[PDB]
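Throughout, residue positions are numbered sequentially from 1 according to the sequence presented. Indexing begins at 1, ligand by ligand and atom by atom, following the structure's order.
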Amino acid sequence: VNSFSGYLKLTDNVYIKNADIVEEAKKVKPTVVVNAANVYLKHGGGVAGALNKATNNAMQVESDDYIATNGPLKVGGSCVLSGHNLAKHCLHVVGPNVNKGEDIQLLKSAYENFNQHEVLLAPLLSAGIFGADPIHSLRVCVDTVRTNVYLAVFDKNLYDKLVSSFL
Ligand SMILES: O=C(O)Cc1c(Cl)cccc1Cl
């Protein structure tokens, strides 16, 4: 049993809810919250901007030190950093950004990072400002992640379309 409440069960291991990932993290304090990161860990907008704002910019300060030491992530890659006030850990995962022309096949590689964690609160990778089709992102998630993933979808309209269209 875990703390997550109000989710619809899609599969054995994948759950979904219409929720603000920031407000969900604040309530649950999950072991792992996933950030929709870019390779520079520049948390300007979308999910990353919202998570970072909720940490009062402490996520960005930590991230800048990580990049200064290690250099940029790979598209499809990840790093584990602090969850600050939101979670124990933040798994920063880089899905391909269609608005930069990145290979959508890298979305499966991105989701494979989730398998290193038994339970996660996450957004749909590569959707939102990254430009991918969220329906596709959900299919790749279900067909790739084997650990228990709780997906937060902010827009009620997209949430309802993801559920209604789910095979
Ligand atoms: O949650 C939403 O409504 C839209 C959304 C964002 Cl903002 C970021 C990543 C994935 C998705 Cl699906």
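Among protein heavy atoms, atom 10 (C) of ligand 1 sits closest to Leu124 O, 3.1 Å. Closest to atom 4 (C) of ligand 1, if we only count protein heavy atoms, is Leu158 CD2, 4.1 Å. Of the protein's heavy atoms, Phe154 N, 3.0 Å lies nearest to atom 1 (O) of ligand 1. Among all protein heavy atoms, the one lying closest to atom 7 (Cl) of ligand 1 is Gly128 CA, 4.3 Å. For atom 8 (C) of ligand 1, the nearest protein heavy atom (residue, atom name, distance) is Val47 CG2, 3.6 Å.
Side-chain atoms of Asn38 never come within 3.5 Å of backbone atoms of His43 as a donor-acceptor pair (strictly under, hydrogens ignored). Between the side chain of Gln60 and the backbone N or O of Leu41, at least one donor-acceptor pair lies under 3.5 Å. No donor-acceptor distance shorter than 3.5 angstrom exists from the side chain of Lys42 to the backbone of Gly44, with no hydrogens or angles considered.
The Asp155 neighbourhood of ligand 1 comprises atoms 2 (C), 3 (O), with distances under 4.0 Å to a heavy atom of that residue. Heavy-atom contacts of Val153 reach the following atoms of ligand 1: 1 (O), 3 (O) (cutoff under 4.0 Å).
If you run side chain to side chain donor-acceptor pair (under 3.5 Å) between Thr144 and each of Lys108, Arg139, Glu112, only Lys108 comes through.
Remark: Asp160 pairs with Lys156 by the salt bridge (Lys or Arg N to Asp or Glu O under 4.0 Å) rule, at least two apart or across chains.
For the atom pair CD of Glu62 and CG of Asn57, the computed distance is 11.5 Å after rounding to the nearest 0.5 Å.
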